[PDB]
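Q: an experimental structure, sequence included, is below.
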Amino acid sequence: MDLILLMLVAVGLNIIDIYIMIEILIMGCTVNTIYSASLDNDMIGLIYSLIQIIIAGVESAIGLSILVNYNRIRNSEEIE
Amino acid sequence: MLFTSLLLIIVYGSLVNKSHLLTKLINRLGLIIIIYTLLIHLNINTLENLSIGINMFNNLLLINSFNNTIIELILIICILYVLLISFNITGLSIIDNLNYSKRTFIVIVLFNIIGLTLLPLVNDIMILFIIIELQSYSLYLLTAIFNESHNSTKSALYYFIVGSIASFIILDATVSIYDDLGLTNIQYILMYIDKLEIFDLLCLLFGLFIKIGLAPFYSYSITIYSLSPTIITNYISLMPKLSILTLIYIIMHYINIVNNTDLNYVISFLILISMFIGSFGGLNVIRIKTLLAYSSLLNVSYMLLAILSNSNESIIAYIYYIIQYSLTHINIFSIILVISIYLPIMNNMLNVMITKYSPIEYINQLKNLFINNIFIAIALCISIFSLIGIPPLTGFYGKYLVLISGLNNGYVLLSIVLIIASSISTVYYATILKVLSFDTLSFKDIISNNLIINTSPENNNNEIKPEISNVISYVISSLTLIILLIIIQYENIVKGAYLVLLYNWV
Amino acid sequence: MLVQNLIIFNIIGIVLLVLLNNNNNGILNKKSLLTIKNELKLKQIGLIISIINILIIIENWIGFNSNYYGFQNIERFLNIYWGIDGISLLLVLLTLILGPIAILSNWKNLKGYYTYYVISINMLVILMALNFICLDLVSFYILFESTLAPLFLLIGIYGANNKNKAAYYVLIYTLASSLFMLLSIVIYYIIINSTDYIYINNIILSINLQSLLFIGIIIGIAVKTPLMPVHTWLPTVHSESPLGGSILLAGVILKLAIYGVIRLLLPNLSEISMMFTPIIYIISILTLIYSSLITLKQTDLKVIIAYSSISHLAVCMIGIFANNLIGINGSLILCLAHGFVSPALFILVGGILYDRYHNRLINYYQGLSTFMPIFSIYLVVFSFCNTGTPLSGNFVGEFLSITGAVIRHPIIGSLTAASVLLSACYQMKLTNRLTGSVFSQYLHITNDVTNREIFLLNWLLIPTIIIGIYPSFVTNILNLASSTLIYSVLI
Amino acid sequence: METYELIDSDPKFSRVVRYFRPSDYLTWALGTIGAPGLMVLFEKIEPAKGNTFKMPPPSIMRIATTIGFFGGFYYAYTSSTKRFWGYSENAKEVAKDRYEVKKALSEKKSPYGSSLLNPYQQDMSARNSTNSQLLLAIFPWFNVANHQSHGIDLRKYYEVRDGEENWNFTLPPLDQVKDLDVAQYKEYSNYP
Amino acid sequence: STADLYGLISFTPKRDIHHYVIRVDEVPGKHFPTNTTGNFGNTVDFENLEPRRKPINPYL
Amino acid sequence: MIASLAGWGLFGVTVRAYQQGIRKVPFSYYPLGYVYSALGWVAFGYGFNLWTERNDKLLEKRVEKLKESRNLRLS
Ligand SMILES: CCCCCCCCCCCCCCCCCC(=O)OC[C@H](COP(=O)(O)OCCN)OC(=O)CCCCCCCCCCCCCCCCC
Ligand SMILES: CCCCCCCCCCCC(=O)OC[C@H](COP(=O)(O)OCC[N+](C)(C)C)OC(=O)CCCCCCCCCCC
Ligand SMILES: CCCCCCCCCCCC(=O)OC[C@H](COP(=O)(O)OCC[N+](C)(C)C)OC(=O)CCCCCCCCCCC
Ligand SMILES: CCCCCCCCCCCC(=O)OC[C@H](COP(=O)(O)OCC[N+](C)(C)C)OC(=O)CCCCCCCCCCC
Ligand SMILES: CCCCCCCCCCCC(=O)OC[C@H](COP(=O)(O)OCC[N+](C)(C)C)OC(=O)CCCCCCCCCCC
């Protein structure tokens, strides 16, 4: 069911919904890293997992700021 | 030098008052920083010492002669770009003040230069993910530096989403390699190069192919380059390719150890499509930056053929091609920024709107450049004929060396296709030359008192006032003659490329 | 003492013209004295430069040994080796001779920018001349395609109404085809590590690889001679390019394909050249026959001359691919003779009639001998030279090329004799119309051929007659060089 | 390849600064004043605003000197480092280094010096700082620890070279020198 | 001479899974942050370590 | 080496001369610019010659090892 690109329907029809999809996709990689590190008893993989969480948080902030300013520009006359 | 000086500039810029003059002088400070960085790097890093390859910072980074050459190229090209914002490009306040409006312009560039230089040096999958995001985030900020521009913010929104998906693919590939092997250091992974899924590295390359606008992911790159300001498009369309292509060559160098034929075919398939879209795509377009975006896609495809072959001749071909293409890229965008002073002023059909961010936006805005400035027009013609591949310009030798690597490794189909694509792309390349000069003899006896340059006041009616500032005109003059007169020193330059080794030794 | 002096002097010549004309361009609103009389003092300097270029090769000609086998005047310059043999020496002289002739043709018939035109013409003459004295494939290709950039701008700026279409045709036809020749050159540098003339001539490659290399090289050559069916660009370019551009294109550029066969095919791909010879003859014979019949239906005056060059160079291709000395010498003789008669026909059509009436349609002209007797004398004489009438160099070239073709292939090579009839059919039908009947009702009486146009016609006619009556001036130089190109094992 | 004797693969920050030649301070001073000079030079080449020369404000001159001060020191630091690495002529540095090491050995003191870092941290610190000068132009990182991974053998300091006989240095065996790995694991093999 | 020179440089030596360059100069595990002596599965003795493979410098 | 640096200085004059045409000034405008331009590329030419001379030494040393590798292959 994945090869027919079923996930393209589960994503909503708003720009912020695309942002949510990216966070979920990146979160799946981090969960996989924790899964492998825990089985191996490897703290190096848990270091990688922590880095992925911190880096993904930075990505969300930058993307939101661009989207905030993009919404600001349209409602920017502010004559009142 | 970069990191320490960046912190000082960050604090200093926020302390002094907000003004165009201080921002321009701060931009010159950034120019000195990059120049000092180049001097320090050249003092300690040499080609001979780095031939073996030296690990750094607990083997997280690995520098060799191949990596060092690109870093030196990155610093040099960044110096030429800062000259645009550190000096006048047209001499007119209404046009030039855009570069001096944003104080964080030089700060964001210094952030990206750190990412660009460290990316080819990555030796761990963890630091690979960290650095690729460091470079990607800096590009998003630079694309959105003009936050009062609707197109600039829209492009950055597009850039963020496409790059984030590519970063996820890159992260997904590295995580899958860790699951199979449990190791994060690349050199440790090379011990198991014959026991890991080699198509996981193809997933890694797919993320890198997105970040360089390769087909089928070309569409976002063309849209972003056309909408972004010319001063921003000049950076974001060249700098990411300097570092990512170098990293792709290293990854392909490791992949060729197992020599997976299926891996080569998939990359060949993407190169074949990129040559089709790169050539036929630019045939029917009216924007100059849209035309250059297709030109960028086509030339990256030519370099990828050298990268895919990954042999001794590929090192010579790639190093030469990336250096000469960057110089041609700088020269063309430098001329485009300057020639905005020859635009006629209305004093209407098609209701054409031109903004201050992209004064030159259409190919036909280059009309009568042969009459307006014969030396600048010839400089553009030399650059365009280099992209075509007319010998003995720098462009011909780049394609000549790429063909050598492609045909030596047996890529007969791609070599023939790249030459058909070159002929097809010559059509839109020649269109630029047609606009510049083909109406010279009919418009020689014409009067133009409505040009932008005509609005510039004179000093005393006796001073010989040049139309162009000293710095930008000198850079165009230097780059044009290097492209034209490469035959004089071609033999020695290739000998320098002979000594760039990626673990060849003997 | 040749390439170094030729490049340095011409580069200094280019700089000298640029400094003088572009000194006062700084929105001075000036008048200046160099621009007086349509920039006479700038045209004169460029004309002097072309004359000096001829003297440069003459100094090396004095030391040329016709009894010495191998390249002479071997020189290292720009990391490139340069040399001269019998075949190269004559082709260089022809290229440099047409320099002043091309400049003098557009002396006072350009709308402006004479300095740009003069520099472009001299640049093209030197670049084409250097292409005959390079000693490797890479250097051959560099000069083979370097002429495209000056020529593309020259046609697009100084061209006729359809100059835009002509500029696209010459740029794309001659580049897309030459790139296939570059592929064969790249293959040589991959498997032999060198593209030197002497080095690659001694290497025998596999019969399949020679077939692939021959096809790649012949595509670039066949488009440039040109041969059917890749010839359609040439009539468009000639009918729209300026007269000086037509002279260089018809007199020099089309001869690079014949010289390319000498350097790139015969001594290095000798085994596959024998196999390809029947195919080359079939293409060239059809090129000769079809072009002559197509010329009978053309209405543009300059297009008719353009198609005539295609038929003659088909004979040159036939002669040069014959595996005997008679065919090879005749092909080289015909190239030199065509290098003078063909520009003269363009001068008569595109330089004399066009500069007065500005219309190239054939329906406007008839009975021109009534008020232009001097024009008709040269038109008739050059028409007979173009048709291969004896006492002209074209006859010597055509007869030996036909004879060499019959020696190479008695059955199908005999068809080359049809050039004697077919060439007279279209050339005389044009000349008979232009001189016969009453003077045209659509033309006003005006000046006959002036002194400047008399000079151009006379000094293009003189070499043709000298070569035609005493071709031993040319044969003696060529005999030793041409004998090396023959491949045969008689036992 | 111009190669010389290897002194220290990871020289200490104090050792690099102490071994500065007079030219190293000269290049440090030129870097300090060069950056303000370049701002003057850039204005002379093309003024920031207008067509006439205008001196940059003193606030720009102060920050430019600070940038040049760190830039000059980094250049000097790299030049001195190559002498320890052997990439540059270091006969002056070899003689000074050998005298210091022999003096420390004669006192039964480690040439590297006592460290607050345990055996793992000393090795870890060396891995982070070794060859980090290659990226000193990108970001700084210095060896500010007394670790024992310097890529040399203390045995080569026992042989007497020319001009060192008059030094009158007596060298005890390495196993009797404090703060050395060969003289620490006496009771336990896993604890120094 | 030029043809001979280019043949040497342009020749790419064969690489496979049995012969290729790995840039590791030492064996890890001599010191761990804590609990260095684990299940005694580390059989590599650093007191009797054989000489490592050294990288080749063609310019030296 | 003087002829080499003379050529580099000649190249620097060409760059300045080409700059004058771009800026639309007479070629005698500020003649001191040619002195600055020539000396700038002389400094680049001096460094370029050192780069090429150093590269020739490195190439020869590597060629020796390549010939040894080729001899083993041809046996
Ligand atoms: C002697 C000298 C010879 C020199 C030239 C040699 C090459 C000659 C090429 C001959 C083929 C092209 C000439 C004929 C094509 C005419 C196109 C055409 O008539 O219309 C386009 C056609 C749709 O037809 P339509 O738009 O409705 O036009 C009305 C027709 N009654 O649209 C179509 O249906 C075309 C099919 C769809 C597009 C297919 C594209 C796939 C790739 C094609 C090859 C490109 C290879 C490029 C390689 C480099 C780039 C990878
Ligand atoms: C053999 C090596 C030669 C290489 C260098 C040649 C000179 C380059 C031009 C610099 C000077 C300049 O641009 O000057 C312009 C000159 C002078 O023309 P003008 O009528 O006075 O100019 C008009 C000004 N008016 C109207 C006020 C008088 O015209 C040229 O452009 C001629 C030379 C270029 C011809 C070919 C162009 C494409 C080259 C592509 C290379 C692959
Ligand atoms: C192997 C030997 C190769 C020889 C050359 C190959 C054919 C060259 C055609 C000239 C085109 C030209 O001139 O481009 C210009 C022409 C303009 O057309 P126009 O004349 O104005 O009429 C048409 C315009 N209308 C209808 C308005 C009147 O635009 C084209 O056609 C654009 C497509 C050209 C692509 C050429 C790529 C060739 C790939 C390599 C061979 C497979
Ligand atoms: C209006 C203007 C129109 C155009 C006019 C053109 C006039 C040309 C001027 C004469 C030049 C001259 O004489 O060059 C000669 C000099 C000295 O050569 P060498 O040191 O022996 O080098 C060896 C030369 N071999 C190999 C032929 C023997 O080379 C130069 O300096 C080269 C100039 C740089 C060319 C650009 C390519 C190199 C870029 C390096 C960084 C990437
Ligand atoms: C040792 C190596 C460096 C060379 C020494 C000189 C450095 C420059 C400082 C002098 C002052 C200056 O540049 O002054 C500025 C001048 C003049 O500009 P203008 O437009 O006439 O100004 C108008 C002034 N009026 C009104 C009086 C006329 O600009 C130039 O001449 C530009 C060329 C820069 C120097 C050459 C650099 C070459 C680098 C290329 C190598 C990769």
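A: Right, received. Where do you want to start? Numbers count the residues shown, from 1 in each chain, chains lettered A, B, ... in the order given. Ligands and ions are numbered 1, 2, ... in the order given.

Q: what's the burial count for the closest residue to residue C:160 other than its chain neighbours?
A: Closest residue to residue C:160 apart from its sequence neighbours, by C-beta to C-beta, 6 or more residues apart in numbering or on different chains: residue C:240 at 4.3 Å. To be clear about C-beta, it is placed using only N, CA and C from the backbone, and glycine gets the same treatment. Residues lying near residue C:240 (other C-beta atoms under 10 Å in any protein chain shown) number 24.

Q: ok, residue C:240 touching residue C:168?
A: No. When contacts are counted by C-beta atoms under 8 Å, residue C:240 is not listed as touching residue C:168 (10.8 Å).

Q: list the contacts for the residue nearest to residue C:160?
A: Residues counted as contacts of residue C:240 (C-beta atoms under 8 Å, 6 or more residues apart in numbering or on different chains) are C:155, C:159-163, C:165-166.

Q: which of those residues are buried? Put it as a ChimeraX command.
A: Selection of the buried residues among the contacts of residue C:240 in ChimeraX, burial being defined by 16 or more other C-beta atoms under 10 Å in any protein chain shown:
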select /C:155,159,160,163,166
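
Q: from the contacts of residue C:240, which land in helices?
A: Of the positions in the contacts of residue C:240, C:155, C:163, C:165-166 sit in helices, assigned by DSSP state H.

Q: among those, which two are most distant?
A: Across the ones in helices among the contacts of residue C:240, no pair lies farther apart than C:155 and C:165, at 9.9 Å, counting by C-beta to C-beta.

Q: hmm, back to that, max pairwise distance over the contacts of residue C:240: which two?
A: Using C-beta to C-beta, the contacts of residue C:240 reach their maximum pairwise distance at C:155 and C:161, which is 12.4 Å.

Q: circling back: can you report phi and psi for the residue nearest to residue C:160?
A: Residue C:240 has phi and psi values of phi -120, psi -30 when expressed as degrees, to the nearest 10.

Q: rewinding a little: now the contacts of residue C:240 in a markdown table, with distance to residue C:105?
A: Shown next, in a markdown table, are those (distance: C-beta to C-beta, whole Å):
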| residue | distance to residue C:105 |
| --- | --- |
| C:155 | 15 |
| C:159 | 15 |
| C:160 | 15 |
| C:161 | 20 |
| C:162 | 20 |
| C:163 | 17 |
| C:165 | 23 |
| C:166 | 18 |
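
Q: ok, and of the contacts of residue C:240, which contact ligand 3?
A: residue C:165 (C-beta under 6 Å from any ligand atom).

Q: which of the contacts of residue C:240 lies closest to chain F?
A: residue C:155 (24.3 Å; C-beta to the nearest C-beta).

Q: so that closest one makes contact with residue C:238?
A: No. Taking contacts as C-beta under 8 Å, residue C:155 lies outside contact range of residue C:238: 10.2 Å.

Q: who in chain E is up against chain F?
A: With C-beta under 8 Å from any C-beta of the partner chain as the criterion, chain E meets chain F at residues E:5, E:8-9, E:11, E:13, E:58-60.

Q: buried members of those into ChimeraX, please.
A: Those of the residues of chain E next to chain F that count as buried under 16+ other C-beta under 10 Å are selected in ChimeraX with:
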select /E:8,9,11,58,59
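
Q: please see if the strand or helix carrying residue B:419 touches ligand 2.
A: Secondary-structure assignment from DSSP states H and E places residue B:419 in helix B:412-437. No. Applying C-beta under 6 Å from any ligand atom, one finds helix B:412-437 out of contact with ligand 2, separated by at least 9.0 Å.

Q: burial measure for residue B:304, as a count.
A: 26.

Q: tell me which element the closest residue to it other than its chain neighbours is part of?
A: The spatially closest residue to residue B:304, leaving aside those adjacent along the chain, is residue B:271, at 5.3 Å (C-beta to C-beta, 6+ apart). Here residue B:271, judged by DSSP H and E, is contained in helix B:261-280.

Q: now the helices for chain A?
A: A:7-10, A:15-40, A:43-74.

Q: of all those, which lies closest to ligand 5?
A: In terms of C-beta to the nearest ligand atom, the element of the helices of chain A nearest to ligand 5 is helix A:43-74, at 37.6 Å.

Q: report the closest residue of chain A relative to ligand 4.
A: For chain A, C-beta to the nearest ligand atom, closest residue to ligand 4: residue A:62, 37.2 Å.

Q: now residue B:476: how far from residue B:221?
A: 26 Å (C-beta to C-beta, to the nearest Å).

Q: how many neighbours does residue D:78 have?
A: 24.

Q: which element is it on?
A: Applying DSSP H and E, one finds residue D:78 within helix D:58-85.

Q: residues near residue C:42, how many?
A: 19.

Q: show me what contacts it?
A: The contact partners of residue C:42, taken as C-beta under 8 Å, 6+ apart, are C:17, C:20-21, C:34-35, C:114-115, C:118.

Q: at 6 Å instead, please
A: C:21, C:34, C:115 (C-beta atoms under 6 Å, 6 or more residues apart in numbering or on different chains).

Q: any of the residues you listed buried? List them.
A: Counted by 16+ other C-beta under 10 Å, these give C:21, C:34, C:115 as buried.

Q: all the helices of chain F, residue numbers only.
A: F:2-23, F:32-73.

Q: correction: the previous question concerned chain E.
A: Going by DSSP H, chain E shows helices at E:2-10.

Q: where does it get nearest to ligand 3, residue-wise?
A: Closest point on chain E to ligand 3, by C-beta to the nearest ligand atom, is residue E:10, at 29.0 Å.

Q: neighbours of that residue, just the number please.
A: 18.

Q: what about residue C:413, neighbour count?
A: 24.

Q: stretch F:13-23 near chain D at all?
A: No. Under the criterion of C-beta under 6 Å from any C-beta of the partner chain, chain D is not reached by stretch F:13-23; the shortest gap measures 11.9 Å.

Q: could I have that stretch exported to CSV, CA atoms only?
A: Extracted in CSV, the C-alpha atoms of stretch F:13-23 (Å, rounded to 0.1, in the frame of the first residue of the first chain):
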residue,chain,number,x,y,z
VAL,F,13,48.7,45.8,-18.2
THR,F,14,46.2,44.0,-20.4
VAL,F,15,43.7,43.6,-17.5
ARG,F,16,44.0,47.3,-16.6
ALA,F,17,43.6,48.3,-20.3
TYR,F,18,40.6,46.1,-20.7
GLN,F,19,39.2,47.6,-17.5
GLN,F,20,39.5,51.1,-19.0
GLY,F,21,37.3,50.1,-22.0
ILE,F,22,34.7,48.6,-19.6
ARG,F,23,34.5,51.9,-17.6
